Amino acid sequence: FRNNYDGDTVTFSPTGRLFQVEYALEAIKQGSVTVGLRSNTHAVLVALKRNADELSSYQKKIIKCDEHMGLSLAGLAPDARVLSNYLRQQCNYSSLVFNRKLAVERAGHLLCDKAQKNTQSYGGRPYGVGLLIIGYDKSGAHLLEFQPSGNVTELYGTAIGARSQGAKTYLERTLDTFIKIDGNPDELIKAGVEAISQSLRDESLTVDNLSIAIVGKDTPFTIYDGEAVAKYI
Amino acid sequence: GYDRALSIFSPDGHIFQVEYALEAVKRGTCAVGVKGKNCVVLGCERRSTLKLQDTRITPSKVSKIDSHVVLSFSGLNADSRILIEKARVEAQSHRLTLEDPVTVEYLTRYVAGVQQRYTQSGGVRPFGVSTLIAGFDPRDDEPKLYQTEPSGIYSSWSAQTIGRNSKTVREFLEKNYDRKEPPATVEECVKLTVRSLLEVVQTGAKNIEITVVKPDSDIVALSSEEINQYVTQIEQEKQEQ
Amino acid sequence: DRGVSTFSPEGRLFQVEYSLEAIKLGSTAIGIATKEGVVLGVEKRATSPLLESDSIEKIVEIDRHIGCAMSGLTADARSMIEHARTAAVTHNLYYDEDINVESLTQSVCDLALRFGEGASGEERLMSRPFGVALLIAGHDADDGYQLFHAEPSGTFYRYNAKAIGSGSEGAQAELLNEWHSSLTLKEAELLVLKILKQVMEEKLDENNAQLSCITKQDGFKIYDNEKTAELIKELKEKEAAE
Amino acid sequence: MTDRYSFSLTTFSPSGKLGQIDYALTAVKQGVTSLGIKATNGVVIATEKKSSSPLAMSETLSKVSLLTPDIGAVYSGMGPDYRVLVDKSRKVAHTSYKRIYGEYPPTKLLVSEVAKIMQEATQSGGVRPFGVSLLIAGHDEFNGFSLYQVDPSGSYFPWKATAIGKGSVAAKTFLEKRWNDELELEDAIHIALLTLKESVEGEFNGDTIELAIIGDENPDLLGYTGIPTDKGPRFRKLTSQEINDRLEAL
Amino acid sequence: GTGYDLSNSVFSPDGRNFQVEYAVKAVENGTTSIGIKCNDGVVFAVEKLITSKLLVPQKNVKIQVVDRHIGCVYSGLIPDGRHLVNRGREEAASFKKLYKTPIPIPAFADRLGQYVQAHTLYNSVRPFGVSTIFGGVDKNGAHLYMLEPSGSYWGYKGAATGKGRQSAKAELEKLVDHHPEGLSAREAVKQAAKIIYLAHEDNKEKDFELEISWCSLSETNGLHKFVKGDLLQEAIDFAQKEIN
Amino acid sequence: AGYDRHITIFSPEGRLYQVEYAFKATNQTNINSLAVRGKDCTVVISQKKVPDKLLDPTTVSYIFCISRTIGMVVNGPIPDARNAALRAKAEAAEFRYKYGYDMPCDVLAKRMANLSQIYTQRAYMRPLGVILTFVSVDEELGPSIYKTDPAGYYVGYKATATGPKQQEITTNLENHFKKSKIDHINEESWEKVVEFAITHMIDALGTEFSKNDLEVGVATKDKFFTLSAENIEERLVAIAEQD
Amino acid sequence: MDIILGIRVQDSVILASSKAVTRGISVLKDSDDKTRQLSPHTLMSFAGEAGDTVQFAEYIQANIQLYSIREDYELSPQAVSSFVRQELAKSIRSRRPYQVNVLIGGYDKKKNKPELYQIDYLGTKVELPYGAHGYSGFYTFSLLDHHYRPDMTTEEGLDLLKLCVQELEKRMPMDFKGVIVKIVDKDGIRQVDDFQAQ
Amino acid sequence: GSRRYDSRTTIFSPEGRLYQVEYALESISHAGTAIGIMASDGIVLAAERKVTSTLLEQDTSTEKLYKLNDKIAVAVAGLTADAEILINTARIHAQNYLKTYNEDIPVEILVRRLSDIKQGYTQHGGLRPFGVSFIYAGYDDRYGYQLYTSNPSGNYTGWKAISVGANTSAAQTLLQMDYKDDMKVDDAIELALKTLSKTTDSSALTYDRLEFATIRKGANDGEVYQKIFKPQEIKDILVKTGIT
Amino acid sequence: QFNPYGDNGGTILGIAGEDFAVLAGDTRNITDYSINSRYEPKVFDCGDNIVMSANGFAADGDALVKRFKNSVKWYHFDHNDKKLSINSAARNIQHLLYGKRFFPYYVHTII
């Protein structure tokens, strides 16, 4: 069955599925958990950095695309670089040409259309990475969830990666609480660290292991690592 | 238009098309090269599946890329032409832009590159050829001998052989060549080569061609007689015991 | 058949994975970083006594402050090395400064996934991934001495010490214990020379093993045999010492 | 999109055969018979108009076509393939000859041209060979009259007479018996009609038969007067009425 | 033999294109969406499943506008849906630029039709995983259209696609019968909200969010617009009431 | 080896299955149609079947106006039917522009046929599952009927039928002509030729029709037009007051 | 222009070429060798535009040597010149044409006869007993037209040149700093290093 | 995609062989035999016409012996159509060499170019090789009379006597059995026909099934000459050599 | 014929102190004998403590600043927010300008 319909993305299975795309989606689950949540004044990203040996570094999970936009990745690092880099250009182009900050909602529409192109043309492959984009624009704070399928969705919060379901339930529960954490970044962040520890198991988030990012009203998207996150562990 | 990836990785991490390319080399006639203290010699066997050829015209096994450098090979002939051409053209280009002939090492590194490229470019199969490149760097007297293969890898040897039964002759050489004291003579150097070929040629006076290269573009290919003589003096070495 | 850029149901790229295999078969290569410099060591592995062991180049210079060691299909490394050298030199031409060791690495890594038979994202012309991994070592004024591991996957990590090649898994295990934040350059040299001796089928000597390093003062240098030999002799004595 | 078929669709089998070309020939075998006869003062080519429905008007379709005013062609195999081959052959005659020498190409060369076209459909990326065989007949000042047969392989050869398609073996045998190097055109025309009758099941008349000739110059078919050196086309398709008249002397 | 369903442009022995047929599967599996052609415009509505309380309400908009007078809604693979609308937009823009007049609904239909049909011609492409209900007002009235992955499309009085496609088609047909003289834009908005609420039973598991948009000559001046606020709640109510 | 049935390459029998399967798709609509030649007009009748009540009957049709003089009725799925129509329309406009006169029905057919032939020989182009019947009153040829198929074949007819019960309609017509001895309906007005067409369409299919079960197209000197539900109704009433 | 002379005597071809390199107001060099050896028995002298001059000569050289290696044979002078003419003839109708004029002198080892070819940037080729490019022609053709004999020895040829060079120094505006003379014959190409007073 | 129908005509076999080249050769083994013999004063080309008939117009025919230059000609074995495509490019190459150097193209040089073209279809392109093998017979002033052979692989070699097509092994043995370095054209002419005569798959070796050609230097001139015997010329020489 | 260039006047001045530096410019933009504006800033802060001004033809001047600034933005992305040394900016700008060496930015710039 499945073996005859997953040799490329230009093939539908008798049931209407695109396996190659699904296999890509898998790479995400195999990825280190990362959480995103927002209030009305700020948006936050918390991600678990995974390392190879104990002699190696922990790989970056958060990328800045502009002063008002950024994202966290789970899955194929290279593809995140490609996609984030492309999202940087779009923000850039929006400025240079219209002297206008690229609205988060639009950045999403752009990502979706970019992804979609690699799922209907021979020779191309889907992107094996999931993204959580946060950003503050003319309509406030925003959180987006990007799936290689092309499906981009705006949420109050969410998570992706191995054991992500843990944090997601936790947020789904804490909802009415963190959404009102306005005028206080540290609070929105702690709620973010909690949601993520909900997907721990192996170990516990340490200083050179935890990664946090925040954007907001008067806050330019800024990433925190090591000693910087110490005050949250 | 055609760009099918023909050289790809397999589960065990191999690139069969490149590997099979080598098999094409193993089936090719044997070629050997030994460097003396003031020269390099290249020997090649002549197949015998059909004999009634016109040796005058029939393309020989050792080619001149430039006046101070030669290249012999084992594998598919049609393929060797393409490589020999590119090498020769690069030889001139290097003189033209660097105002100095190519070093044996360089010309080698170039050829190796061409081959490597053909192992990771769409729509093309690797070269079923392995080469022996020898000569003397410009205004230098230390002999050079390198070898390349389909994979695109290369390196220098004090002596080496490629082709069918190269396994045998390599052994011969591994236990008949001393780096301490390399064939200090053009003669004793060509002898060692003829000796090494005989191990596999099975009496072929007309089946073994030798080419001697000396410093300052002094390249020459011996005739059947000069060679026949070497074979002669050698066969006695055995009987006189 | 099946696309060269196809996904496995487990979410991996076949070609990339298989690529990693060919590398496990490659010659051993080890790198250890110290606050005094980074040391790069490799296994020559001559397939015959007639092969002039020094014509074996598996440790090359990218710039005066950046060098690297390779493992796997080494012919694949040429185009990468060229790219790396060009990028480092160009950055110097455009910014009047040395290129950061990380960026250099990041630059190389970008070629990695540039392959396929018609991948919709640009013009990725290269039929297959690279069959070689790289240990990029160097120094800059922003992050001092650095050691990087770049795989055909397109990703790269930074290790205090890392060993790739046939003897890796074991050697890496060794390094896990041996390495510590206060190693000296001299110490790292013997340590590399030691772990090489362990995983090498051959009896390690200054002719089938090669050491080199990168120091802020003298930059990337490759230890000439004589220098390596003595270090080997030194290693033996301290080993037989207990 | 983009024809990603940049590879040959006709390749060598371990036996050394070229499948598609073989199959193409099979396709020719299945096709209606058609023949050609070379007389000492002309050539004749004919086939059967196998009306594929009584409602269809066989006139609105010609199996016999004029390539140049002195060269005609007829086939056996896949009608549509022939059709485009004709147009191509008519153009190639201009583009690669009349536009360069100001004169129509001689039979052998035009044939040589068509052959090349087919030859290419046998090696080019993403295509199949042509499922037809052609019988081209013409005349030129320095070669006189000639008859050629072109195969899907891209091969062609000259004939004194020959037939292809369905009952080719039968007809070929009947021609070897009636041909001689002294036939006048009217003779060949007769022999043609006889050779044809054998392969014909039902009706056999000027409306079911299609035959043309390459004989003398028809100035009456030129369309204009005033130029001595322009004498008219040697090619001429016979009319239904012209055919029946001859059928009575059958 | 078999395998006539592994490549996109292949004809099965019975004359079908399984790949296209498999696409339809991806569609039927999607959310439900409809279109109601009133007497001077068209109304569009869609089912928006609430996968979780995390989805910011009213945010992930589905219905899309092409130019200023055309509306598009589709069921199936959303990304494919957007892809199609992008093309429609370029298509409409190209048209206006040369003929000045904003593209006629019919012409636009065939514009999307030929594009989609184009993806059933080569094995190097995949057919569209969406059915699209679209339309608007032009020089001669309103027009409602539905386009299938096969590239097929026709003008409808009412149209539905997706999971609850049958419940809908059932209800739409009822309307057509009980309104020979026509439905008003205002009324079609209500009726649509109801028809979406009913069709939601074949998915009564997850909670949803309604989304209506219309293009009425008298209500929106021939411009496509989203039904919001009061008129929206009013319809949500008219539906919630008749669902009990 | 067994892919000689997936793309347009030869089978050992020397056949092109994909072309055959294409033909198979032409009946996918289960609609029959026929064309007859009047004294100086040409009519094409086609069945119209709109089952769904939600469909706007007026937008459904397999009859197309390629140009002021050429009309085309397609037997086959509609998306392929429209791809074909559009192309023919373009081919018609371009011809006029380049040669300074209206493309003749037969030439348009030949061009479309040659176009089909290509999908027959080139691997990446699939054939179109449709049979195209072109009709007009050519300024040089008189009333004309030219039909093309997925094989890249075409020819002119005295009359013709297409669809599932093609054979019944054909033999019906064949008989009428064997009888009349002429290759056309000896009628001056097209309304009578339209009635004739509809009549035999009934006799051959053994079915009665309502104004909404048909689709009619007429081609007269310098114009081809399709009838309306009413134009047809009035025509149906006519055949009725004769039976 | 610069001085490019060529004279074919009995068994060799002699080429003389001015050693001066002047850029505007200053004479930058007085030892310039405006010649390139295409093969052991074929020499080509050149003069023309600043860059085009060498660029073209070296290019021609590269191609001739490549043919030598590929065929392990030396193309006849006649052939070599035909190659050169073709190249210039192409160049003339290109985007930016080579503005170079050349004299080709070689010894045909097969025919066993020396040859002199004159070719201008337009691809005009002519074979002559003696020839020159630029103005030199105006003062030397009459000299040679007068004192020239087909059976002249190489030495007679040199003297004849000596005669031409003197006239050129006497009546010419420019100081071409003397000429470099080279002889092509059965034994190859050699340079008469003593002509600054022969 | 399309990869599904790609024969990959240019890959290696696990044994390091080139499938298509091999198969191509297999094809050539069934082609009329062509023999080339080189004597001290000239060369001979003899080939057997595959498939003939009473009706075949033999005077106007040529399927094996082609004139390339004035001093070069070839004998073919394999797909005639393929051969021509290569022959024409050969004829052109000769002319270009002439136009560039004003000298007649050296035999080996033309042969190397043709072989290189073949070799190409062997390493890239995804197309099938040419089903042809050539016996080149030519003369130039550098190597005098020469005899070469090339095949689908792209390799070429020189010979004193050689054959291609069917029953080559049989013919090679017979030639290798009676060839002598001091042969004379006439001698070679006979040896050629005798060989064919003994290898022919047919009843008798008649003129109507042959094509003959000789490259001799007619003493009473000093220039070399190409003679491609006409039907009658073959019929004669056939009676003379004692095969009547 | 169409002249792609223009002159907006203006004048700038840069002076380097031992632990500081200054870049000044008039704020008048003109065209011929008319004044387009009495206040149209011409010296900009491009970040990383670098002030730049491209004087001459306004269009070309703004294009350059925009470009250089944008070049700085990416420098940060590419090299981990590392500050761009003045000397590096100089080299970079040279490339910005010499890139259009055959259809120049009609501006004389100072940073």
# chains A, B, ... in the order shown; residues from 1 in each chain; ligands from 1
$ interface_residues --of "chain C" --to "chain H" --cutoff "12 Å" --atoms "only C-alpha atoms" --output "list in words"
residues 1, 2, 3, 4, 117 and 118 of chain C
$ write_last_selection --atoms "N, CA, C and O atoms" --output "CSV table (one decimal), in the first residue's frame"
chain,number,residue,atom,x,y,z
C,1,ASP,N,12.9,4.5,-9.9
C,1,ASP,CA,13.7,4.3,-8.6
C,1,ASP,C,13.0,5.0,-7.4
C,1,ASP,O,11.9,4.7,-7.0
C,2,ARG,N,13.7,6.0,-6.9
C,2,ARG,CA,13.2,6.9,-5.8
C,2,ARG,C,14.0,8.1,-5.8
C,2,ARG,O,15.3,8.1,-5.9
C,3,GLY,N,13.4,9.3,-5.7
C,3,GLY,CA,14.1,10.6,-5.7
C,3,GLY,C,15.3,10.7,-4.8
C,3,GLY,O,15.2,10.1,-3.7
C,4,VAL,N,16.3,11.4,-5.2
C,4,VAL,CA,17.5,11.5,-4.4
C,4,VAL,C,17.2,12.4,-3.2
C,4,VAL,O,18.1,12.5,-2.3
C,117,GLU,N,17.4,16.6,-8.3
C,117,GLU,CA,17.2,16.4,-9.7
C,117,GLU,C,16.2,17.4,-10.2
C,117,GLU,O,15.6,17.3,-11.3
C,118,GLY,N,15.9,18.4,-9.4
C,118,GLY,CA,15.0,19.4,-9.7
C,118,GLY,C,14.3,20.0,-8.5
C,118,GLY,O,13.0,20.2,-8.5
$ residues_around --residues "residue 67 (chain B)" --least-positions-apart "2" --cutoff "10 Å" --atoms "only C-alpha atoms" --output "list in words"
residues 64, 65, 69, 70, 91, 101, 135, 136, 213, 216, 217, 218 and 219 of chain B; 69 of chain G
$ closest_atom_pairs --of "chain E" --to "chain A" --cutoff "7 Å" --atoms "only C-alpha atoms" --output "Markdown table"
| residue | atom | partner | partner_atom | distance |
| --- | --- | --- | --- | --- |
| E:6 | CA | A:11 | CA | 6.7 |
| E:7 | CA | A:11 | CA | 7.0 |
| E:19 | CA | A:12 | CA | 6.1 |
| E:22 | CA | A:14 | CA | 5.0 |
| E:23 | CA | A:16 | CA | 5.3 |
| E:25 | CA | A:16 | CA | 4.8 |
| E:26 | CA | A:16 | CA | 4.1 |
| E:53 | CA | A:172 | CA | 6.5 |
| E:54 | CA | A:155 | CA | 5.2 |
| E:55 | CA | A:155 | CA | 4.3 |
| E:56 | CA | A:155 | CA | 5.0 |
| E:59 | CA | A:154 | CA | 6.8 |
| E:60 | CA | A:154 | CA | 6.3 |
| E:79 | CA | A:150 | CA | 5.7 |
| E:80 | CA | A:116 | CA | 6.9 |
| E:83 | CA | A:113 | CA | 6.7 |
| E:124 | CA | A:122 | CA | 5.0 |
| E:125 | CA | A:121 | CA | 5.1 |
| E:126 | CA | A:10 | CA | 4.8 |
$ interface_residues --of "chain C" --to "chain I" --cutoff "6 Å" --atoms "only C-alpha atoms" --output "ChimeraX atom specification"
/C:94-96
$ residues_around --residues "residue 204 (chain H)" --least-positions-apart "5" --cutoff "12 Å" --atoms "only C-alpha atoms" --output "MDAnalysis selection string"
chainID H and resid 48 193:194 196:199 209:210 238 243:244
$ select_by_dssp --residues "region 14-223 of chain A" --states "alpha helix (DSSP H)" --output "ChimeraX atom specification"
/A:19-29,77-98,104-117,164-178,185-197
$ select_by_dssp --residues "region 17-195 of chain C" --states "strand (DSSP E)" --output "PyMOL selection string"
chain C and resi 29-34+37-43+59-63+66-72+132-140+144-150+156-158+161-164
$ closest_residue --among "B:167, B:26, B:56, B:4" --to "chain A" --atoms "only C-alpha atoms"
B:4
$ residues_around --residues "residue 209 (chain D)" --least-positions-apart "6" --cutoff "7 Å" --atoms "only C-alpha atoms" --output "list in words"
residues 47, 48 and 49 of chain D
$ closest_atom_pairs --of "chain I" --to "chain A" --cutoff "9 Å" --atoms "only C-alpha atoms" --output "JSON lines"
{"residue": "I:66", "atom": "CA", "partner": "A:96", "partner_atom": "CA", "distance": 7.9}
{"residue": "I:70", "atom": "CA", "partner": "A:92", "partner_atom": "CA", "distance": 8.4}
{"residue": "I:77", "atom": "CA", "partner": "A:64", "partner_atom": "CA", "distance": 8.0}
$ write_last_selection --atoms "C-alpha atoms" --output "mmCIF file, in the first residue's frame"
data_model
loop_
_atom_site.group_PDB
_atom_site.id
_atom_site.type_symbol
_atom_site.label_atom_id
_atom_site.label_comp_id
_atom_site.auth_asym_id
_atom_site.auth_seq_id
_atom_site.Cartn_x
_atom_site.Cartn_y
_atom_site.Cartn_z
ATOM 1 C CA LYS I 66 19.653 52.801 2.375
ATOM 2 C CA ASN I 70 20.717 47.398 4.902
ATOM 3 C CA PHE I 77 22.278 38.521 10.979
#
$ residues_around --residues "region 136-140 of chain C" --least-positions-apart "5" --cutoff "8 Å" --atoms "only C-alpha atoms" --output "list in words"
residues 31, 38, 39, 40, 65, 66, 67, 68, 69, 98, 99, 100, 101, 105, 145, 146, 147, 148, 149, 150, 214, 215, 216 and 220 of chain C
$ write_last_selection --atoms "N, CA and C atoms" --output "compact mmCIF listing (two decimals), in the first residue's frame"
# COMPACT_ATOMS: atom_id res chain seq x y z
N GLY C 31 39.87 15.95 16.67
CA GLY C 31 40.16 17.33 16.96
C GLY C 31 39.92 17.63 18.42
N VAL C 38 43.94 24.67 18.96
CA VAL C 38 43.17 23.49 18.58
C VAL C 38 44.11 22.55 17.83
N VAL C 39 43.99 21.26 18.12
CA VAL C 39 44.84 20.27 17.47
C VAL C 39 44.02 19.38 16.54
N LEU C 40 44.53 19.18 15.34
CA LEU C 40 43.86 18.35 14.37
C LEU C 40 44.76 17.18 14.02
N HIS C 65 44.15 31.40 9.86
CA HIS C 65 43.55 31.18 11.18
C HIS C 65 42.46 30.09 11.16
N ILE C 66 42.34 29.38 10.04
CA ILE C 66 41.33 28.34 9.90
C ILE C 66 41.82 27.15 9.09
N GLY C 67 41.83 25.99 9.73
CA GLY C 67 42.25 24.78 9.05
C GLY C 67 41.20 23.70 9.27
N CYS C 68 41.33 22.58 8.56
CA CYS C 68 40.35 21.53 8.75
C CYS C 68 40.87 20.13 8.42
N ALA C 69 40.18 19.13 8.98
CA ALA C 69 40.48 17.71 8.77
C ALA C 69 39.24 17.07 8.14
N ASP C 98 39.25 39.28 9.05
CA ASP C 98 39.23 37.83 8.93
C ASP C 98 37.79 37.36 9.11
N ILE C 99 37.47 36.22 8.52
CA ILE C 99 36.12 35.67 8.62
C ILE C 99 35.99 34.86 9.90
N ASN C 100 34.84 34.96 10.56
CA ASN C 100 34.62 34.22 11.80
C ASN C 100 34.59 32.73 11.51
N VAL C 101 35.26 31.96 12.36
CA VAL C 101 35.33 30.52 12.17
C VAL C 101 33.96 29.88 12.05
N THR C 105 32.34 28.00 8.67
CA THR C 105 31.69 26.70 8.78
C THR C 105 30.28 26.75 8.23
N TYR C 145 39.38 30.15 20.24
CA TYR C 145 39.60 28.89 19.55
C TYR C 145 38.31 28.11 19.41
N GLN C 146 38.07 27.59 18.22
CA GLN C 146 36.86 26.84 17.96
C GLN C 146 37.11 25.61 17.13
N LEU C 147 36.31 24.59 17.41
CA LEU C 147 36.37 23.33 16.70
C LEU C 147 34.95 23.07 16.20
N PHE C 148 34.81 22.76 14.92
CA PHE C 148 33.49 22.53 14.35
C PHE C 148 33.40 21.22 13.59
N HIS C 149 32.21 20.61 13.61
CA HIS C 149 31.97 19.36 12.90
C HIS C 149 30.90 19.69 11.88
N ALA C 150 31.22 19.49 10.61
CA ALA C 150 30.27 19.78 9.55
C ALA C 150 29.97 18.52 8.78
N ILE C 214 46.22 25.09 15.27
CA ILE C 214 45.95 26.48 14.98
C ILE C 214 46.09 27.25 16.27
N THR C 215 47.00 28.22 16.27
CA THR C 215 47.23 29.08 17.42
C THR C 215 47.11 30.53 16.98
N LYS C 216 46.63 31.38 17.88
CA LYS C 216 46.46 32.78 17.56
C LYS C 216 47.77 33.38 17.10
N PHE C 220 47.46 28.42 11.50
CA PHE C 220 47.41 27.01 11.13
C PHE C 220 48.74 26.50 10.58
$ closest_residue --among "C:48, C:172, C:28, C:210" --to "chain B" --atoms "only C-alpha atoms"
C:48
$ interface_residues --of "chain G" --to "chain B" --cutoff "9 Å" --atoms "only C-alpha atoms" --output "list in words"
residues 58, 59, 61, 62, 63, 65, 66, 69, 70 and 72 of chain G
$ write_last_selection --atoms "N, CA and C atoms" --output "PDB file, in the first residue's frame"
ATOM      1  N   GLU G  58      49.678  35.204 -28.260  1.00  0.00           N
ATOM      2  CA  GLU G  58      49.749  34.105 -27.305  1.00  0.00           C
ATOM      3  C   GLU G  58      48.610  33.124 -27.552  1.00  0.00           C
ATOM      4  N   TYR G  59      47.420  33.659 -27.777  1.00  0.00           N
ATOM      5  CA  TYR G  59      46.264  32.829 -28.053  1.00  0.00           C
ATOM      6  C   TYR G  59      46.584  31.888 -29.216  1.00  0.00           C
ATOM      7  N   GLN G  61      49.453  31.047 -30.347  1.00  0.00           N
ATOM      8  CA  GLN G  61      50.485  30.126 -29.932  1.00  0.00           C
ATOM      9  C   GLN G  61      49.877  28.947 -29.195  1.00  0.00           C
ATOM     10  N   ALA G  62      49.114  29.226 -28.140  1.00  0.00           N
ATOM     11  CA  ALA G  62      48.493  28.159 -27.356  1.00  0.00           C
ATOM     12  C   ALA G  62      47.818  27.163 -28.278  1.00  0.00           C
ATOM     13  N   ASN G  63      46.936  27.641 -29.148  1.00  0.00           N
ATOM     14  CA  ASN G  63      46.245  26.738 -30.063  1.00  0.00           C
ATOM     15  C   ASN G  63      47.144  25.926 -30.974  1.00  0.00           C
ATOM     16  N   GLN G  65      50.305  25.014 -30.330  1.00  0.00           N
ATOM     17  CA  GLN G  65      51.023  24.021 -29.551  1.00  0.00           C
ATOM     18  C   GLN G  65      50.123  22.846 -29.194  1.00  0.00           C
ATOM     19  N   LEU G  66      48.874  23.149 -28.851  1.00  0.00           N
ATOM     20  CA  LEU G  66      47.886  22.128 -28.502  1.00  0.00           C
ATOM     21  C   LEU G  66      47.709  21.153 -29.665  1.00  0.00           C
ATOM     22  N   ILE G  69      50.742  18.842 -29.784  1.00  0.00           N
ATOM     23  CA  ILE G  69      50.683  17.734 -28.850  1.00  0.00           C
ATOM     24  C   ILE G  69      49.627  16.717 -29.234  1.00  0.00           C
ATOM     25  N   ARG G  70      48.434  17.192 -29.544  1.00  0.00           N
ATOM     26  CA  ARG G  70      47.368  16.290 -29.922  1.00  0.00           C
ATOM     27  C   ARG G  70      47.757  15.413 -31.111  1.00  0.00           C
ATOM     28  N   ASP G  72      50.974  15.149 -32.345  1.00  0.00           N
ATOM     29  CA  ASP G  72      52.387  14.809 -32.317  1.00  0.00           C
ATOM     30  C   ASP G  72      52.882  15.049 -33.740  1.00  0.00           C
TER      31      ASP G  72
END
